[PDB]
Each structure stands twice: as C-alpha cells, then as structure tokens.
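Here the structure is laid out as structure tokens; the discussion comes afterwards.
Number of protein chains: 2
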Amino acid sequence: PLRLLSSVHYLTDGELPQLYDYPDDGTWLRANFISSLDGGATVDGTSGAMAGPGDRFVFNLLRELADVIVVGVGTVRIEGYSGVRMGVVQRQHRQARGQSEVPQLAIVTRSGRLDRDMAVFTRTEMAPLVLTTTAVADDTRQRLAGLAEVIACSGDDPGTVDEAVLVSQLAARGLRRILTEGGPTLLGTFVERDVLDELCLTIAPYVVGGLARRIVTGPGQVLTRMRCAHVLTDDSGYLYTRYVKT
Amino acid sequence: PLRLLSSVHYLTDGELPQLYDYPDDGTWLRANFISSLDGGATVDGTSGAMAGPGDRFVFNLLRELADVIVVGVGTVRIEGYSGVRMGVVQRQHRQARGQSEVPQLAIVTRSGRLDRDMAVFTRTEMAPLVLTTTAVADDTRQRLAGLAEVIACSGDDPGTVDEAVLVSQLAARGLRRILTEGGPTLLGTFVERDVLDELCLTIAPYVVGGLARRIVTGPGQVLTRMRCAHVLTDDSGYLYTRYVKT
Ligand SMILES: NC(=O)c1ccc[n+]([C@@H]2O[C@H](COP(=O)([O-])OP(=O)(O)OC[C@H]3O[C@@H](n4cnc5c(N)ncnc54)[C@H](OP(=O)(O)O)[C@@H]3O)[C@@H](O)[C@H]2O)c1
Ligand SMILES: NC(=O)c1ccc[n+]([C@@H]2O[C@H](COP(=O)([O-])OP(=O)(O)OC[C@H]3O[C@@H](n4cnc5c(N)ncnc54)[C@H](OP(=O)(O)O)[C@@H]3O)[C@@H](O)[C@H]2O)c1
Ligand SMILES: COc1cc(Cc2cnc(N)nc2N)cc(OC)c1OC
Ligand SMILES: COc1cc(Cc2cnc(N)nc2N)cc(OC)c1OC
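Chain order of the listed sequences is A and A'. A prime marks a further copy of an entry chain.
Per the deposited numbering, residue 13 is the first one in the first sequence, and the count goes up by one each step.
Per the deposited numbering, residue 13 is the first one in the second sequence, and the count goes up by one each step.
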C-alpha cells in the first residue's frame, strides 16, 4: 500500500504557480504556514528562522497569487507585518491575471483594538482591511479613519467574527482568492468554523523542542480530513505541501 | 529550486524494511511519531485516531526492526501499552536478522514510580526494561522484582536520566537498534540531549484544532537540522517520512 515519493520534476517558474492556482471561481481560503518536524510553528517567537529560501519563494508566490492576505492582529504585531511587497514581475503576473498590483492585507480582530501607529498601516502601498465585529466596527472605523477599511464580519453574533462571513466579506469585495498566514489563533478559528479550504504547509527539516506552540492554537478539537494535493521539496529537505479539504 | 514529489515506486514488503534499515553497527535511536498537519500529536488524548492502516503497518514494521522500543512511562499508561506483539512472520524476519523474536519494551522513568500492576508488565511476552535513575534504580528494582529489569541510566547526576547513557545502557545489552514511540516529554529529552538520530514521522492528512499538544513537549528550544531521507505515501494522503540528523 506504500509508495515511495521522490523528485520527478523540476518546477519551472510557470508551473509552480499552476500548482498553487486558486479555483477559477468561488471564494478560496488558503492557509500558508511553516512547521518544524515536531510541530513547532515558531523558533524564537516567530516562524522566520525556519523559512529558508525555498519557503520564502513559495510564501511570496502564495502572496503573489492571493487577492488578499488575511492575518490575525497578533501575527501582525509579532511578525512585524508591513505592507505586502510585490516586485515588478510579481505585479506584472498579478495584472496578467486581472488582479491589482499588490494584494491587500486584512487584519482580523474581535477586539478592534488596533493602534493608528502600526507598520501594517505605515509601510504599506495599499491600505489594509480590518476584519472585525459588528459591535466594534464603527468605533474601529473612526479610530482608524484614513488608515484602513474597517469591515464588520459578524454573522448572528455582533460581538464575534463569523469566519464564514469574514470570507464572504472579502469575496464581496472581489477578494475571493484568500490567503491567510495566520496566526495559530486565527487559523484555529478558520479550522473550527470549517472555512479553511486549503493548507499550504511548509515542513522545515528541523526539530525545535517543546517550547514552540503549533501552527494552530485554541481550544478547538476537530478532525478535518484533508487531501494531499502535492508535496514539493528542494535540496534542503523542506517539504512544501498543499492539502485541500476534504 | 523546487522539485515536485510524486509516487515513483510501489514498495514491495522487502523494500519497505530496507527503507527503514538500522545502521549495520552502532546505537541508533529512531523515533516513530504521528502528527496531524497542524502539529497535533493527539486526537482525544492519544495518537491512535490518526493511525490509519498505512501508519499501523509502518509502525509495526518499525517495531519489527527494533531491538528495543523505548517509551516514556506516561505514554505507557496513556496509550495502554502492552507487550510488543510479533506475528509469526515478524518473528521469522526478526530471527533472520539475528534478533530475538519480539523486541523488548524499555520504560523510561525518572521517578521510578511504576506499579507492579500495569499491562506493560502483564500482557507481555518479554519482561520490559525500566530505564531510570541511579538514585531510585535500587528501590525500583526491588519493587518491580520479577516484572522488569531495572537499569540505572544516570550520567553525572544520579537523580536524572542521561539520555546518552540510556542509549548506551540499551546498546550495552545488545539493544542498539532503538525505537522510541514517545511520548513527547520523552522525545523532548532525546532532542535536548541531542541523541535522537532519526525521526520517523507520519503526517496524517488532518487538521485537529489547537487543543492537542505536539509530538514534543517540554521547555526545550533547539534547532536541530535533520535530513529528509524519504517520504512515502499511500492512497489516503498520509506522508510517512523519515528524517535523519544532521
Ligand atoms: N509557523 C507559522 O506558519 C506561523 C504563522 C503565523 C504566525 N505564527 C506565530 O504565532 C504567534 C502568534 O499567535 P496568535 O494566535 O496570537 O496570532 P493571531 O491569530 O494572528 O492573533 C490572534 C489575535 O488576532 C485576532 N483573531 C484571530 N482569530 C480571530 C477571529 N476568528 N476573530 C476575531 N479575531 C481573531 C484576535 O485579535 P483581538 O485580540 O484584537 O480580538 C486575536 O487575539 C507568533 O509568534 C507568530 O510568529 C506562526
Ligand atoms: N502523536 C504521537 O506520535 C504520540 C506518541 C506517543 C505519545 N503520544 C501522546 O502524548 C501524551 C503523553 O505525553 P508524555 O510526555 O506524558 O509521555 P511520556 O514522555 O511517555 O511520559 C512522560 C514521563 O515518562 C518519563 N520520562 C520521559 N522522558 C524522561 C527522561 N528523559 N528521563 C526520565 N524519565 C522520562 C517521566 O516519568 P516519571 O514521571 O515517572 O519520572 C515522565 O514523567 C499521550 O497522550 C500520548 O498519547 C503521542
Ligand atoms: C517568507 O518570510 C517570512 C514568512 C513568515 C511566515 C510564514 C513563513 N513560511 C510559511 N510557509 N508560512 C508562513 N505563514 C515569517 C517570517 O518571519 C516572521 C518571514 O520572514 C523570513
Ligand atoms: C499503530 O497502533 C498505534 C500506534 C500509536 C502510536 C504511534 C502511531 N503512529 C506513529 N506513526 N507513531 C506512533 N508513536 C498509538 C495508537 O493508539 C494509542 C495505536 O493504536 C491504533
């Protein structure tokens, strides 16, 4: 029943985006995370130290493919999120697909407690979206006037974000090709709400010890089956995987 | 820089053990763990629910190849460890390699607080080893007289286990082909002490939510680079990976 995987194909830079194409239509929520062999999402508080050149390339590619990059406010602070950068070629490829030159950032926050002074607001070509709750969207909107478009993402409960609404709120604005880069709380919610369509997961060839949290924190305990779409590798032993529900 | 992995080879039951051969000589500490996509070592408190037929086959194969299966006392209680089972063919293959018919169990405990009444002692063809500290080995030996061989595995500190000594204590008894199936505390220590030579890691195609701990718990924060030896897959989307230091 066991098949050996090995490298069968060098991926030209035209095929690589094909591997990670979004659906032709409909909203697609893709997560991109990196994890150590032993399930560690962080080394020294962030994921950067595991992100080798291979993973950075895939990471930037996924951003390049996305209409919007949805990120929890914690990751935004902790990983020092600034505006998405798109090089001339990235922009070109994006226009070629009928996309804006750079994807937007969508910051998710139930609290609304974002400061006017954050790199996501400051070092950014496009103003980011703030995805938050009906309860606090208005004050958040005013407090962040000029910096971000604040979007109420409550479903039935005006005090929380309904992650399915979040997704539709983005799609409603033509940001249907969604990428989230976390964090683990945010990813946890996408998981619980069963709105995660896709997990792109870099498995870094490291063990990091027990201190690190996983790429998904929270109280959720689901058992969402996903399908292995592909696994890529490089010379450094990284596995760049792509899993799709269900 | 990116190569697509795909199934290039169906593994006959003779090749599969070759993929997981132990070195011809020297002690080798191999860990076998299963993890969800999102780094969850457990579903509902144990790893069983992620272990499909593919993973059970590999798991039993690794046991089959091992001279001894080293397991922390917590995993022994929590996963209801009983004696290792070896079928007639498993035994045959083991004898063919000059190995005993079934590998031994080695239970690791710093405390020594094992009960005479445990399935590891009761439903077992071979009495298991108890790998513990110099400080408590004697009382442990007496309290477990008839049930287990108690082995002092302290290095410089008689109050703790030195995991390198643990490994040598097993090798000294001709149990040099070591497999550990955890748990995460135990694996954490193997990692910190840098004695883990190999991680066989099943990546189950599931996301499980944030509740689960990783396959490595503890305060350790290392960055041990490992080399991807192989990745196998089955029809169910499982990745059966084998990583080797360094
Ligand atoms: N290995 C990787 O791939 C990876 C990727 C990203 C991050 N990380 C790491 O994980 C760590 C941070 O974890 P984190 O959980 O705090 O990140 P996070 O999910 O980005 O931040 C959590 C916060 O974002 C908001 N949020 C998340 N989900 C929400 C939801 N469904 N509805 C409303 N708000 C939501 C909340 O903000 P409010 O409190 O304002 O309501 C929440 O407190 C960092 O160290 C980071 O480096 C790792
Ligand atoms: N996904 C997987 O592959 C996998 C595999 C195995 C287990 N698990 C799960 O993880 C959970 C249990 O975790 P756990 O950390 O408690 O398991 P564990 O490592 O087997 O048990 C911990 C205990 O074993 C002893 N121990 C471990 N390392 C030691 C060392 N270096 N020196 C001396 N003693 C040591 C200690 O016993 P004393 O307290 O007596 O000193 C320690 O308290 C279970 O739910 C289990 O299902 C998952
Ligand atoms: C590619 O650059 C970085 C990317 C990330 C996050 C991240 C990195 N890799 C993957 N596969 N998923 C992610 N969500 C984190 C970083 O450090 C915080 C980075 O800087 C090196
Ligand atoms: C194969 O049978 C089981 C194995 C395990 C532990 C385990 C399972 N799979 C892997 N890859 N590593 C491990 N350490 C755990 C189990 O449940 C506790 C099992 O029963 C189904």
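Cβ atoms here follow ideal geometry from the backbone N, Cα and C, with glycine treated the same way.
Beta-carbon gap between A':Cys165 and A':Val177 smaller than 8 Å: Their beta carbons are under 8 Å apart, which means A':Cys165 touches A':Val177 by this criterion.
Jot down the residue ranges of each uninterrupted alpha helix (DSSP H) in the stretch 133 to 201 of chain A', minimum 4 residues, whole runs only, in chain order. 146 to 155, 175 to 184
Three-way DSSP call (helix, strand, coil) for A:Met238 in this model: Three-state result, A:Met238: strand.
Contact with chain A by A':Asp50, beta-carbon distance below 8 Å: Closer than 8 Å: yes.
Taking C-beta pairs closer than 8 Å, name the residues in chain A that A':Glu204 reaches, listed in chain order. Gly221
The beta strand (DSSP E) spanning A':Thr253 covers which residue range? 251 to 257
Label A':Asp37 either buried or exposed according to how many other C-beta atoms from any shown protein chain fall within 10 Å of its C-beta, with 16 as the threshold for buried. Exposed: under 16 other Cβ atoms inside 10 Å.
Whole-angstrom C-beta distance between A:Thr253 and A:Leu208, which should lie under 8 Å: Wrong, their Cβ atoms sit about 14 Å apart, outside the cutoff.
Counting only Cβ-Cβ distances shorter than 9 Å, please list the residues of the stretch 55 to 68 of chain A' near chain A, keeping chain order. Residues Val55, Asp56, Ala61, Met62, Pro65, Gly66.
Using three-state DSSP, classify A':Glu113 as helix, strand or coil. coil
Could you check the C-alpha separation between A':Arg122 and A':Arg153 for me, to the nearest Å? 13 Å
In terms of alpha-carbon separation, which member of A':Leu49, A':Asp129, A':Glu27 lies closest to A':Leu73? Minimum Cα distance to A':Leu73 is reached at A':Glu27.
Test: A:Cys240 CB closer than 8 Å to a CB of chain A': Closer than 8 Å to some Cβ of chain A', the Cβ of A:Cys240 qualifies, so yes.
Status (buried if at least 16 other CB within 10 Å, exposed otherwise) for A':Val88: buried
What three-state label does DSSP hand A:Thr214 in the structure shown? strand
Our contact map puts A:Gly194 next to A:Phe45 with C-beta atoms below 8 Å; I'd like the distance itself, whole angstroms only. 6 Å
Spell out a yes or no on whether the stretch 48 to 55 of chain A and the stretch 57 to 68 of chain A' are touching, meaning 3 or more CB-CB pairs, one atom from each, closer than 8 Å. no
Could you give the distance in angstroms between the alpha-carbon of A':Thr39 and the alpha-carbon of A':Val203? 16 Å
Check the Cβ-Cβ distances between A:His21 and every residue of chain A', and say whether any is below 8 Å. yes
Span of the alpha helix (DSSP H), counted from its first residue to its last, around A':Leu74: 65 to 77
I want to check one thing, is the minimum distance from the CB of A':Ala63 to the heavy atoms of ligand 4 below 7 Å? Yes - ligand 4 has a heavy atom lying nearer than 7 Å to the Cβ of A':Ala63.
Proximity winner among A:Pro217, A:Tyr32, A:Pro196, relative to A:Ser248 (alpha-carbon distances): A:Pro217
Of the listed residues A:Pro170, A:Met138, A:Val85, A:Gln111, nearest to A:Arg189 (C-alpha basis): A:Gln111
Taking only three categories from DSSP, how would you classify A':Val96? coil
Just to check my reading of the structure: A:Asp50 and A':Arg226 have Cβ atoms closer than 8 Å, yes? What is that Cβ distance to the nearest angstrom? 6 Å
Are there 16 or more other CB atoms within 10 angstroms of the CB of A:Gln116, so buried, or fewer, so exposed? buried
Tell whether a beta-carbon distance below 8 Å holds between A':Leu14 and A:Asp246. yes
Going by C-alpha to C-alpha distance, which of A':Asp169, A':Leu31, A':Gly92, A':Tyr250 sits closest to A':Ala241? A':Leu31
A':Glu137 and A':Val114 - do their beta-carbons sit closer together than 8 Å? yes
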